[PDB]
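**Q** Input upload-v7.cif, format and content: mmCIF, C-alpha atoms (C1' of nucleotides) and all ligand atoms.
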data_input
#
loop_
_atom_site.group_PDB
_atom_site.id
_atom_site.type_symbol
_atom_site.label_atom_id
_atom_site.label_comp_id
_atom_site.auth_asym_id
_atom_site.auth_seq_id
_atom_site.Cartn_x
_atom_site.Cartn_y
_atom_site.Cartn_z
ATOM 1 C CA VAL C 400 -14.077 -32.101 -9.899
ATOM 2 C CA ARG C 401 -11.289 -34.609 -10.624
ATOM 3 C CA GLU C 402 -9.460 -33.339 -7.547
ATOM 4 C CA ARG C 403 -12.385 -33.556 -5.131
ATOM 5 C CA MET C 404 -13.610 -36.845 -6.604
ATOM 6 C CA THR C 405 -10.971 -38.610 -4.488
ATOM 7 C CA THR C 406 -10.701 -36.464 -1.346
ATOM 8 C CA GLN C 407 -14.438 -36.676 -0.752
ATOM 9 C CA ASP C 408 -16.034 -39.747 0.783
ATOM 10 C CA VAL C 409 -18.292 -42.037 -1.215
ATOM 11 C CA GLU C 410 -21.949 -42.716 -0.267
ATOM 12 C CA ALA C 411 -22.210 -39.056 0.782
ATOM 13 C CA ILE C 412 -21.512 -36.878 -2.273
ATOM 14 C CA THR C 413 -23.763 -35.510 -4.998
ATOM 15 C CA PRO C 414 -23.446 -33.286 -8.092
ATOM 16 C CA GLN C 415 -24.519 -30.356 -5.927
ATOM 17 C CA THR C 416 -21.418 -30.958 -3.819
ATOM 18 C CA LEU C 417 -19.027 -31.812 -6.638
ATOM 19 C CA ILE C 418 -19.658 -28.751 -8.806
ATOM 20 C CA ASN C 419 -17.986 -25.344 -8.462
ATOM 21 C CA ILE C 420 -19.436 -22.879 -10.973
ATOM 22 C CA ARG C 421 -17.282 -19.925 -9.951
ATOM 23 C CA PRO C 422 -14.385 -20.457 -12.446
ATOM 24 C CA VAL C 423 -16.939 -20.712 -15.264
ATOM 25 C CA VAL C 424 -18.719 -17.529 -14.229
ATOM 26 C CA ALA C 425 -15.335 -15.866 -13.685
ATOM 27 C CA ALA C 426 -14.258 -16.863 -17.197
ATOM 28 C CA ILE C 427 -17.434 -15.391 -18.689
ATOM 29 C CA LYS C 428 -17.115 -12.162 -16.691
ATOM 30 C CA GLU C 429 -13.422 -12.001 -17.594
ATOM 31 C CA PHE C 430 -14.278 -12.319 -21.252
ATOM 32 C CA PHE C 431 -17.033 -9.737 -21.553
ATOM 33 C CA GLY C 432 -15.086 -7.107 -19.732
ATOM 34 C CA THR C 433 -11.329 -6.656 -20.185
ATOM 35 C CA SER C 434 -10.758 -8.360 -23.527
ATOM 36 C CA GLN C 435 -9.664 -7.191 -26.947
ATOM 37 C CA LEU C 436 -12.672 -8.465 -28.856
ATOM 38 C CA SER C 437 -15.289 -7.110 -26.441
ATOM 39 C CA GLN C 438 -15.487 -3.414 -27.276
ATOM 40 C CA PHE C 439 -17.895 -0.557 -26.679
ATOM 41 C CA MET C 440 -20.491 -0.045 -29.381
ATOM 42 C CA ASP C 441 -19.287 2.816 -31.559
ATOM 43 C CA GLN C 442 -22.541 4.771 -31.809
ATOM 44 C CA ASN C 443 -22.639 8.347 -32.968
ATOM 45 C CA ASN C 444 -24.724 7.582 -36.081
ATOM 46 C CA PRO C 445 -26.511 4.356 -37.074
ATOM 47 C CA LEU C 446 -24.009 3.616 -39.834
ATOM 48 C CA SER C 447 -21.261 3.408 -37.218
ATOM 49 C CA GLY C 448 -22.992 0.701 -35.217
ATOM 50 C CA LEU C 449 -23.656 -1.275 -38.367
ATOM 51 C "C1'" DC D 1 57.993 -38.658 -54.022
ATOM 52 C "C1'" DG D 2 54.547 -38.835 -49.673
ATOM 53 C "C1'" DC D 3 53.356 -37.174 -44.889
ATOM 54 C "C1'" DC D 4 52.190 -34.349 -40.229
ATOM 55 C "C1'" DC D 5 50.423 -30.279 -38.107
ATOM 56 C "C1'" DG D 6 49.035 -26.059 -36.823
ATOM 57 C "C1'" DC D 7 46.638 -21.778 -39.485
ATOM 58 C "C1'" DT D 8 42.938 -20.092 -41.320
ATOM 59 C "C1'" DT D 9 37.644 -20.503 -42.822
ATOM 60 C "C1'" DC D 10 33.275 -21.600 -42.543
ATOM 61 C "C1'" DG D 11 29.265 -24.212 -39.608
ATOM 62 C "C1'" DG D 12 27.062 -25.229 -36.091
ATOM 63 C "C1'" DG D 13 26.090 -24.627 -31.736
ATOM 64 C "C1'" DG D 14 25.380 -22.004 -27.866
ATOM 65 C "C1'" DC D 15 23.888 -18.171 -25.640
ATOM 66 C "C1'" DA D 16 22.218 -13.512 -24.605
ATOM 67 C "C1'" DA D 17 18.350 -10.274 -25.220
ATOM 68 C "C1'" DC D 18 12.839 -9.479 -25.981
ATOM 69 C "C1'" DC D 19 6.943 -11.013 -26.375
ATOM 70 C "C1'" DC D 20 1.882 -14.357 -25.065
ATOM 71 C "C1'" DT D 21 0.730 -19.602 -28.798
ATOM 72 C "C1'" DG D 22 0.913 -16.787 -21.167
ATOM 73 C "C1'" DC D 23 -2.196 -14.921 -17.755
ATOM 74 C "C1'" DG D 24 -7.116 -22.049 -8.125
ATOM 75 C "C1'" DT D 25 -10.286 -22.457 -1.800
ATOM 76 C "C1'" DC D 26 -8.067 -25.681 1.425
ATOM 77 C "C1'" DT D 27 -8.071 -28.677 9.359
ATOM 78 C "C1'" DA D 28 -9.468 -25.343 13.435
ATOM 79 C "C1'" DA D 29 -9.040 -24.009 17.074
ATOM 80 C "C1'" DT D 30 -7.851 -23.541 22.664
ATOM 81 C "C1'" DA D 31 -4.978 -21.566 26.483
ATOM 82 C "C1'" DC D 32 -2.547 -17.945 28.352
ATOM 83 C "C1'" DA D 33 0.252 -14.022 29.048
ATOM 84 C "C1'" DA D 34 1.769 -9.501 27.948
ATOM 85 C "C1'" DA D 35 0.987 -5.108 26.069
ATOM 86 C "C1'" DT D 36 -1.908 -1.474 25.130
ATOM 87 C "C1'" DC D 37 -6.077 1.392 24.777
ATOM 88 C "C1'" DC D 38 -9.509 3.838 27.154
ATOM 89 C "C1'" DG D 39 -12.935 5.537 30.491
ATOM 90 C "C1'" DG D 40 -13.526 7.654 34.437
ATOM 91 C "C1'" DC D 41 -12.615 10.165 38.609
ATOM 92 C "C1'" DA D 42 -8.904 12.713 41.290
ATOM 93 C "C1'" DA D 43 -5.212 15.573 42.840
ATOM 94 C "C1'" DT D 44 -4.319 19.828 41.017
ATOM 95 C "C1'" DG D 45 -1.657 24.739 39.440
ATOM 96 C "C1'" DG D 46 -1.045 28.100 36.273
ATOM 97 C "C1'" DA D 47 -3.399 30.928 33.214
ATOM 98 C "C1'" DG D 48 -7.102 33.596 31.964
ATOM 99 C "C1'" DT D 49 -11.182 36.738 33.665
ATOM 100 C "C1'" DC D 50 -14.243 40.269 36.170
ATOM 101 C "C1'" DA D 51 -14.446 43.976 38.991
ATOM 102 C "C1'" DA D 52 -13.174 47.387 42.002
ATOM 103 C "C1'" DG D 53 -10.381 50.751 42.430
ATOM 104 C "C1'" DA D 54 -6.705 53.806 42.804
ATOM 105 C "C1'" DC D 55 -3.209 56.649 39.668
ATOM 106 C "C1'" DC D 56 -2.456 61.607 38.157
ATOM 107 C "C1'" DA D 57 -2.389 64.944 33.472
ATOM 108 C "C1'" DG D 58 -3.986 67.915 30.688
ATOM 109 C "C1'" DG D 59 -8.137 69.654 28.126
ATOM 110 C "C1'" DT D 60 -12.684 71.539 29.700
ATOM 111 C "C1'" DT D 61 -15.824 74.338 32.362
ATOM 112 C "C1'" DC D 62 -16.637 77.568 35.914
ATOM 113 C "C1'" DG D 63 -15.138 81.431 39.616
HETATM 114 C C1 LIG C 501 -6.106 -1.220 -31.911
HETATM 115 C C2 LIG C 501 -7.454 -1.921 -31.802
HETATM 116 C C3 LIG C 501 -8.585 -1.218 -31.548
HETATM 117 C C4 LIG C 501 -8.540 0.320 -31.370
HETATM 118 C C5 LIG C 501 -8.741 0.674 -29.921
HETATM 119 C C6 LIG C 501 -9.654 0.948 -32.195
HETATM 120 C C7 LIG C 501 -9.426 0.610 -33.690
HETATM 121 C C8 LIG C 501 -8.073 1.219 -34.156
HETATM 122 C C9 LIG C 501 -8.091 1.384 -35.684
HETATM 123 C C10 LIG C 501 -8.404 2.842 -36.021
HETATM 124 O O1 LIG C 501 -7.620 3.752 -35.653
HETATM 125 O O2 LIG C 501 -9.444 3.125 -36.664
HETATM 126 C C11 LIG C 501 -7.520 -3.425 -31.977
HETATM 127 O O3 LIG C 501 -8.967 -3.841 -31.846
HETATM 128 C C12 LIG C 501 -9.199 -5.343 -31.721
HETATM 129 C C13 LIG C 501 -8.056 -6.072 -31.004
HETATM 130 C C14 LIG C 501 -6.764 -5.443 -30.908
HETATM 131 C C15 LIG C 501 -6.674 -4.018 -30.932
HETATM 132 O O4 LIG C 501 -7.220 -3.488 -29.632
HETATM 133 C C16 LIG C 501 -6.248 -2.985 -28.733
HETATM 134 O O5 LIG C 501 -5.203 -3.501 -28.537
HETATM 135 C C17 LIG C 501 -6.714 -1.674 -28.034
HETATM 136 C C18 LIG C 501 -8.042 -1.636 -27.177
HETATM 137 C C19 LIG C 501 -8.913 -2.926 -27.012
HETATM 138 C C20 LIG C 501 -10.229 -2.891 -26.163
HETATM 139 C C21 LIG C 501 -10.695 -1.563 -25.465
HETATM 140 C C22 LIG C 501 -12.026 -1.599 -24.629
HETATM 141 C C23 LIG C 501 -12.458 -0.530 -24.035
HETATM 142 O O6 LIG C 501 -11.285 0.810 -24.160
HETATM 143 C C24 LIG C 501 -12.720 1.900 -24.256
HETATM 144 C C25 LIG C 501 -13.788 1.195 -24.126
HETATM 145 C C26 LIG C 501 -13.644 0.001 -24.692
HETATM 146 O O7 LIG C 501 -13.355 0.038 -26.156
HETATM 147 C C27 LIG C 501 -12.697 1.273 -26.727
HETATM 148 C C28 LIG C 501 -13.435 1.686 -27.713
HETATM 149 C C29 LIG C 501 -13.392 0.889 -29.096
HETATM 150 C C30 LIG C 501 -14.290 1.380 -30.289
HETATM 151 C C31 LIG C 501 -13.422 2.144 -31.259
HETATM 152 O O8 LIG C 501 -13.957 1.986 -32.573
HETATM 153 C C32 LIG C 501 -13.219 2.683 -33.572
HETATM 154 C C33 LIG C 501 -13.229 4.155 -33.318
HETATM 155 C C34 LIG C 501 -12.734 4.495 -31.952
HETATM 156 O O9 LIG C 501 -11.314 4.284 -31.931
HETATM 157 C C35 LIG C 501 -13.342 3.650 -30.838
HETATM 158 C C36 LIG C 501 -14.732 4.199 -30.534
HETATM 159 C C37 LIG C 501 -13.852 2.418 -34.971
HETATM 160 O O10 LIG C 501 -12.833 2.387 -35.914
HETATM 161 C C38 LIG C 501 -14.559 1.093 -34.990
HETATM 162 O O11 LIG C 501 -15.495 1.103 -36.018
HETATM 163 C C39 LIG C 501 -13.518 -0.018 -35.266
HETATM 164 C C40 LIG C 501 -13.011 -0.944 -34.101
HETATM 165 C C41 LIG C 501 -11.945 -2.059 -34.428
HETATM 166 C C42 LIG C 501 -12.605 -3.492 -34.297
HETATM 167 C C43 LIG C 501 -11.691 -4.409 -33.365
HETATM 168 C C44 LIG C 501 -10.302 -4.981 -33.941
HETATM 169 C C45 LIG C 501 -9.337 -5.910 -33.055
HETATM 170 C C46 LIG C 501 -12.627 2.560 -25.526
HETATM 171 C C47 LIG C 501 -11.372 3.256 -25.632
#
Here is the file; what I need is its structure written in the form of structure tokens.
**A**
Amino acid sequence: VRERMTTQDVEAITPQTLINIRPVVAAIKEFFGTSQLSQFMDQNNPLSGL
DNA sequence: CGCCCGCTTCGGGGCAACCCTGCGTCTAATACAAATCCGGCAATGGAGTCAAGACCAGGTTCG
């Protein structure tokens, strides 16, 4: 946003144009898969999930 | 008696070898020439195929 605040022209831009959500959604998808703390639920008896 | 000056001794620095406190989207085409694929006839010419048809030789039948 701070980059394209300057390169864009004024009196034409909007928050729909300024905002790129793809690094945020890539950070979420890169956390939930392929991290240490996000593991498969160990279920072979209900004590193990707990 | 004091004094220089390199010899040894330790310090500090410097450096070489391993992990994560690591791990962004970008003008946009035109113009043209050469090379290459490929699609479709257009000569085949050699290689396979059918069929007749002849070739006797020795069992096989008949005299
Ligand atoms: C070594 C480790 C996790 C190991 C893979 C499993 C735990 C080892 C301890 C043990 O031997 O009991 C650390 O885990 C985390 C971050 C760093 C380390 O990961 C690491 O560095 C190693 C792997 C990190 C993420 C792996 C994700 C995916 O790999 C597959 C699918 C995803 O997860 C893995 C499965 C994990 C569940 C395990 O659960 C364990 C039993 C089995 O070993 C597994 C079913 C149970 O002990 C379970 O109750 C306990 C889990 C530990 C909780 C997380 C701690 C920190 C499966 C192999």
**Q** Select residues of chain D: the criterion is any atom within 12 Å of an atom of chain C, counting all atoms listed in the file; output as a VMD selection string.
**A** chain D and resid 23 to 26
**Q** Counting all atoms listed in the file, what residues are within 9 Å of ligand LIG 501 (chain C), given as number ranges by chain?
**A** C: 432-442, 447-449
**Q** Box for stretch 426-445 of chain C - axis-aligned, 6 Å on each of the six sides, all listed atoms - centre and size in Å to one decimal, as lines of an AutoDock Vina configuration file.
**A**
center_x = -18.1
center_y = -4.3
center_z = -26.9
size_x = 28.8
size_y = 37.2
size_z = 32.4
**Q** Find the distance between atom CA of residue C:403 and atom CA of residue C:418 and write it in Å to one decimal.
**A** 9.5 Å
**Q** What gap, in Å, lies between atom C1' of residue D:22 and atom CA of residue C:417?
**A** 28.9 Å
**Q** What's the separation between atom CA of residue C:421 and atom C1' of residue D:28, in Å to one decimal place?
**A** 25.2 Å
**Q** With the input short on atoms, add N, CA and C atoms back to stretch 413-433 of chain C and write it as a compact mmCIF listing (two decimals), in the frame of the given file.
**A**
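Wrote result_21.txt, looks like this:
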# COMPACT_ATOMS: atom_id res chain seq x y z
N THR C 413 -22.71 -35.76 -4.03
CA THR C 413 -23.76 -35.51 -5.00
C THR C 413 -23.25 -34.46 -5.98
N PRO C 414 -23.85 -34.35 -7.16
CA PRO C 414 -23.45 -33.29 -8.09
C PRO C 414 -23.65 -31.87 -7.58
N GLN C 415 -24.49 -31.66 -6.57
CA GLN C 415 -24.52 -30.36 -5.93
C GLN C 415 -23.24 -30.10 -5.15
N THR C 416 -22.64 -31.14 -4.59
CA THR C 416 -21.42 -30.96 -3.82
C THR C 416 -20.18 -30.96 -4.70
N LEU C 417 -20.22 -31.67 -5.82
CA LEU C 417 -19.03 -31.81 -6.64
C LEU C 417 -18.74 -30.59 -7.50
N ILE C 418 -19.72 -29.73 -7.73
CA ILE C 418 -19.66 -28.75 -8.81
C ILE C 418 -19.36 -27.37 -8.24
N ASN C 419 -18.34 -26.72 -8.79
CA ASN C 419 -17.99 -25.34 -8.46
C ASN C 419 -18.13 -24.51 -9.73
N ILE C 420 -19.17 -23.67 -9.77
CA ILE C 420 -19.44 -22.88 -10.97
C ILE C 420 -18.66 -21.57 -11.03
N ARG C 421 -17.95 -21.22 -9.96
CA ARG C 421 -17.28 -19.92 -9.95
C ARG C 421 -16.12 -19.75 -10.94
N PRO C 422 -15.32 -20.75 -11.35
CA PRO C 422 -14.38 -20.46 -12.45
C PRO C 422 -15.07 -20.27 -13.78
N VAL C 423 -16.21 -20.91 -14.02
CA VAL C 423 -16.94 -20.71 -15.26
C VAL C 423 -17.52 -19.31 -15.32
N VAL C 424 -18.15 -18.87 -14.22
CA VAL C 424 -18.72 -17.53 -14.23
C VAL C 424 -17.62 -16.47 -14.19
N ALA C 425 -16.45 -16.80 -13.63
CA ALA C 425 -15.34 -15.87 -13.68
C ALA C 425 -14.74 -15.79 -15.08
N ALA C 426 -14.75 -16.89 -15.83
CA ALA C 426 -14.26 -16.86 -17.20
C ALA C 426 -15.18 -16.05 -18.10
N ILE C 427 -16.49 -16.17 -17.90
CA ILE C 427 -17.43 -15.39 -18.69
C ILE C 427 -17.30 -13.90 -18.37
N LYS C 428 -17.25 -13.56 -17.08
CA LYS C 428 -17.11 -12.16 -16.69
C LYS C 428 -15.75 -11.60 -17.05
N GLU C 429 -14.73 -12.45 -17.15
CA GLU C 429 -13.42 -12.00 -17.59
C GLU C 429 -13.33 -11.94 -19.10
N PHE C 430 -14.27 -12.55 -19.82
CA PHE C 430 -14.28 -12.32 -21.25
C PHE C 430 -15.00 -11.03 -21.60
N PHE C 431 -16.19 -10.81 -21.04
CA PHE C 431 -17.03 -9.74 -21.55
C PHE C 431 -16.50 -8.36 -21.18
N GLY C 432 -15.97 -8.22 -20.00
CA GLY C 432 -15.09 -7.11 -19.73
C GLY C 432 -13.65 -7.52 -19.94
N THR C 433 -12.79 -6.52 -20.17
CA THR C 433 -11.33 -6.66 -20.18
C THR C 433 -10.83 -7.69 -21.20
